[PDB]
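Architecture and fold: a report
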Amino acid sequence: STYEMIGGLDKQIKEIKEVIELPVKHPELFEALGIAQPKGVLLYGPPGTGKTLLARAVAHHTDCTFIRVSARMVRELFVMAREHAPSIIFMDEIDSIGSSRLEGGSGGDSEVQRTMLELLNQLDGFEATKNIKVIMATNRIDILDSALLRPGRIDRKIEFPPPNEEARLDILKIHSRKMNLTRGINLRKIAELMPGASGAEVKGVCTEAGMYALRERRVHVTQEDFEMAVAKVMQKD
Amino acid sequence: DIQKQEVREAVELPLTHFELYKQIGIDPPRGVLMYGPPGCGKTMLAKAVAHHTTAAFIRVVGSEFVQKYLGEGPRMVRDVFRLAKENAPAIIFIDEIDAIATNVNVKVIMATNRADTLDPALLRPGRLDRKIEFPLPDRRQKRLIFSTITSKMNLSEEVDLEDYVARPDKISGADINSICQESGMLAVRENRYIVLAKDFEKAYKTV
Amino acid sequence: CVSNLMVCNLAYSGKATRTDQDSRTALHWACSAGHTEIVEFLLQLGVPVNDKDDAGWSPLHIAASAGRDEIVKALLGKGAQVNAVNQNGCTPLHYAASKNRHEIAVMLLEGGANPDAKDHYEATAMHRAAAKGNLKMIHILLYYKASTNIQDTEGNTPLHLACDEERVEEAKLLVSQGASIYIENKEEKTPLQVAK
């Protein structure tokens, strides 16, 4: 996925070119500038769109692999990250409504925090396999609790502010031009009325509403299909 | 009311419509995952779908991987995939892969009872986009699962279904349909043309 | 010919004291099919009305379960046991209120039957009427001083089985009629938790 699958995040890519893309074109500056090892980058805030397409778009423009963690069962991934010199690690399946009590996010995310603590302590140990990066952003401050388990290190702090629907309308057109879509779709209530704990549920209403566009013989996507899919995901959420 | 709907769509909605999945906007999935430890299943739906729609049905046996050390699985089911997509439109059922787990025109239904040893490499989305949870048949599924078997067998007005919907809900057991097949094996005794409660209770206490 | 005896297949098809392999006389089948002239002929000769078979199926269980009002009136006229014990200990009133037969319920209850008669399952017919959603049968059972908190073999009350069927009218009605929402079962679940 290239930059054509994202829109409205010029500040995040402009700021991420030096956090990530700086040692790509000219790695030689890592001895004259004395910059610290770029131990990944984290984000915080409800991810509307761009949670995975950021590591996949920057990893795509880096021409590197995209490995996913998903005995200890984490050493072999570092062995593959050793044979393959570049690697980008990102996690999913956690961007749900469960990331609101901080108990399952703090424990289940704390295990991955220990995993990246021993892996980044192997990067701090030796640099045989450079350009290893991790990105953590689930929904909210819980990532700042991951920063509570990883304080004052080289990790970078980047916030995702949606000014007004500019990360939902144009990206709904980009993520929706595959199938048919209506022009005057009102995303104000049906897109602002699901903030906070669940940001991926917008795309969940997109795909799960497309299921009702298939079974309901609807050629295009309407407003009552998203309105019904919001309730259908809110019975389980 | 969503299991037979998802199996309906992703299994038996494109009747001979090979191009439908080739020109629908939303990418059609191929794998449908079923679960639920209490409800056994894995036979009533394979035979039910295997008898409702007029098509080919070639199921696979779970244990043929000893020779290849859990590697023969994907080769066998992949051969069934290629012969099913090259042959007439068929449906393929996958059963008991927990031991080995340690624009498409194929139909992949998957039912099991263990999700702990499943490697997340297969459960990755794209292929297994739907994970249906099938619990033990409740009172509604017992009225339907008993009506669908007594509709062809013998019955009388004396035989009430309120104790046959109340008691099987109390005894949380598996393969109740096969227990009704045993009730038919005791109803073919020819001693009575119409089956009575003595054969149902006798089959409930003996087998 | 569901039976072996000629008088049982013919008494069933509309035509005595002797038994068969099923230990059931011709009165069970004659009351089953609902032939008034044949049950009045066999009972006119003087056949016993409470011939219990090997299981215990009395002719009133099958006559009341079959929904034959005239046969129930004939067996009540002859003085049949309104609380006989069958194989599963159920009484003929459980089959009267089971098949949603209001006539047999008012007739069997008019004679002085027992609604709270504990069967072998330790349950009443309110688990059945509430199992299929028969509010009128439950209400006419309440007209005859019937309990609404009979603990089943699992410990569930009729309100638990009424809420399990998603009968909101029967749920809130039985709540507004005297059913206790505090009686706990073996599952330790309240009647409000079972409903959705």
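Residues numbered from 1 in each chain as written, not as in the entry; some residues may be left out. Chains lettered and ligands numbered in written order. Part of a larger assembly, values for the part shown. Heavy atoms only, no water.

**Description of the overall build of chain A**
Looking only at helices and strands, chain A has eleven helices and four strands in total. Taken over the C-alpha trace, chain A has a radius of gyration of 19 Å; the compact-globule value for 237 residues is 18 Å, and the two agree within 12%. When the backbone C-alpha atoms are referred to their principal axes, chain A occupies close to 60 × 40 × 30 Å. Here chain A holds 237 residues, and the buried ones make up 39% of them. Of the accessible surface of chain A, which amounts to about 13800 Å², a share of 55% is contributed by carbon and sulfur atoms. Counting 33 positive and 34 negative side-chain charges, chain A places the centres of these two groups 2 Å from one another. (Helix = DSSP H or I, 4+ residues; strand = E, 2+ residues; numbered from the N terminus. Rg over C-alpha atoms; globule rule 2.2 N^0.38 Å. Buried < 20%, exposed > 50% of the residue type's maximum accessible area, 1.4 Å probe, protein only. Areas by Shrake-Rupley, 256 points an atom, 1.4 Å probe, with all protein chains shown as cover. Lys, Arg positive; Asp, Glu negative; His and termini not counted. Charge placed at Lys NZ, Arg CZ, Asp CG, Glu CD.)

**So, the interface of chain B and chain C**
Counting residues at the interface gives 18 residues for chain B, matched by 32 residues for chain C. Together chain B and chain C conceal approximately 2400 Å² of surface at their shared face, both sides included; 40% is due to carbon and sulfur atoms. A per-residue breakdown of the area chain B buries against chain C is headed by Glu 157, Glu 158 and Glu 162 of chain B, which together make up 27% of the total. The salt bridge involving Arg 68 of chain C is made with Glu 157 of chain B; its shortest N-O contact spans 3.2 Å. Considering only residue class, the side of chain B that touches chain C consists of four nonpolar, one polar and 13 charged. (Contact = heavy atoms within 4.5 Å. Buried area = accessible area lost by both parts, 1.4 Å probe. Salt bridge = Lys/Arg side-chain N within 4 Å of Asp/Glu carboxyl O. Nonpolar A, V, L, I, M, F, W, Y, C, P; charged D, E, K, R; others polar.)

**Quick notes on the UniProt feature "binding site: ATP" in chain A**
Residue and element names in this part refer to chain A. Mapped onto this numbering, the UniProt entry gives "binding site: ATP" at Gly 45, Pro 46, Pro 47, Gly 48, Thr 49, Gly 50, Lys 51 and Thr 52. When only the residues just named are considered, the largest cavity is lined by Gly 45, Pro 47, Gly 48, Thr 49, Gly 50 and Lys 51. According to the relative accessible area criterion, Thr 49 is buried, its value standing at 12%. Side-chain polar atoms of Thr 49 contact the backbone oxygen of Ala 167, separated by 3.3 Å. Its place among the elements puts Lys 51 in the loop between β1 (42-44) and α4 (53-61). (UniProt positions renumbered as here; feature names shortened; annotations may be inferred. 1 Å grid on protein atoms, 1.4 Å probe; cavity = no way out; pocket = protein on both sides within 12 Å on 5 of 7 lines; lining within 4 Å. Polar contact = N/O pair within 3.5 Å; in protein donor to acceptor, adjacent residues only side chain to side chain.)

**Overview of the interface of chain A and chain B**
Listed by partner, the interface residues are seven residues for chain A and six residues for chain B. Approximately 740 Å² of surface area, both sides summed, lies buried where chain A meets chain B, with 66% of it carried by carbon and sulfur atoms. On the chain A side of the contact with chain B, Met 211, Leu 214 and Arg 215 of chain A bury the most area, a combined 56% of that side's loss. At the boundary of chain A with chain B, the tally comes to one salt bridge.

**As for the packing of aromatic side chains**
With the rule as written, the count across this model stands at four aromatic pairs over all chains. Centre to centre, the rings of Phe 78 of chain A and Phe 126 of chain A are 5.9 Å apart; their planes meet at 75°, and the pair counts as edge-to-face. On the criterion of sequence distance, the pair formed by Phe 78 of chain A in helix α5 (residues 75-83) and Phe 126 of chain A in the loop between α6 (103-125) and β3 (132-135) is long-range, its members being 48 residues apart. What makes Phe 126 of chain A partly exposed here is its relative accessible area of 36%. Centre to centre, the rings of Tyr 164 of chain B and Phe 200 of chain B are 4.9 Å apart; their planes meet at 45°, and the pair counts as tilted. (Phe/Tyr/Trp six-rings, centres within 6.5 Å; stacked < 30°, edge-to-face > 60°.)

**Here we look at the nonpolar core**
If you look at the biggest cluster of nonpolar residues, it comprises 47 residues, and the most contacted ones within it are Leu 27, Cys 31, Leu 75, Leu 108 and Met 137 of chain C. Of all the elements, helix α2 (residues 26-33) of chain C adds the most residues to this core, at five residues. If sequence neighbours within four positions are ignored, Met 137 of chain C has contacts with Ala 96, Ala 97, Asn 100, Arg 101, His 102, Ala 105 and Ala 129 of chain C. Core analysis: the next-biggest nonpolar cluster, separate from the first, contains 16 residues, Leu 33, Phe 81, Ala 84 and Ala 90 of chain B among them. (Core = buried A, V, L, I, M, F, W, Y, C linked by side-chain atoms within 4.5 Å.)

**Overview of the pairing of strand β3 (residues 90-95) of chain B**
Residues and elements named next belong to chain B. Within β3, six of the six residues are buried, leaving the element largely enclosed by the surrounding structure. Of the two faces of β3, the one lined by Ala 90, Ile 92 and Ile 94 and the one lined by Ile 91, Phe 93 and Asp 95 are each fully buried. Bridge count between strand β2 (residues 56-57) and β3: two bridges; the pairing is parallel. Residue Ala 56 lies in a different strand from β3, and its bridge partner there is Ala 90. Note that the unit made of β2, helix α4 (residues 72-86) and β3 has a crossover that is right-handed. Inspection of the sheet shows β3 paired to strand β4 (residues 108-111) by four bridges, in the parallel sense. Of the residues in β4, the one forming a bridge with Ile 94 is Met 110. (Pairing = 2+ DSSP bridges. Right-handed = clockwise from strand over helix to strand, strands pointing away.)

**Digging into α4 of chain A**
All names here are of chain A. Of all the positions in α4, only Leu 53, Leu 54, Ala 55, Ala 57, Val 58 and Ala 59 are classed as buried. Looking at the packing, one finds that the buried side of α4 touches α1 (10-19), β1, β2 (87-90) and β3. Where α4 terminates, the next one or two residues include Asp 63, which has phi positive at roughly 60°.

**Structural notes on the pairing of strand β5 (residues 130-133) of chain B**
One face of the sheet, then the other: side chains in a regular strand alternate in exactly this way. Residues and elements named next belong to chain B. Burial along β5 is one-sided: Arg 130 and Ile 132 are buried, and none of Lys 131 and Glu 133, which face the opposite way, are. Sheet analysis places strand β1 (residues 31-35) next to β5, joined by four bridges and oriented parallel. By the bridge assignment, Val 32 is partnered in β5 with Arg 130.

**What to know about the sheet that holds β2 of chain B**
All names here are of chain B. An order of β2-β3-β4-β1-β5 is seen for the five strands of this open sheet, with the pairing classed as parallel. Pairing within the sheet leaves two strands with one partner each, and these edge strands are β2 and β5. Strands β1, β3, β4 and β5 of the sheet are contacted by helix α1 (residues 3-12), whose axis makes an angle of about 145° with β5. (Axes fitted to C-alpha atoms, helices over the stretch in contact; angles between N-to-C directions.)

**Description of α2 of chain C**
Residues and elements named next belong to chain C. α2 sits mainly inside the fold: seven of its eight residues count as buried. When we look at burial in α2, the residues that qualify are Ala 26, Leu 27, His 28, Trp 29, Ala 30, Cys 31 and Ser 32. The elements touched by buried residues of α2 are α1 (6-12), α3 (36-45), α4 (59-65) and α5 (69-78). Positive backbone phi, approximately 90°, marks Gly 34, located one or two places after α2.

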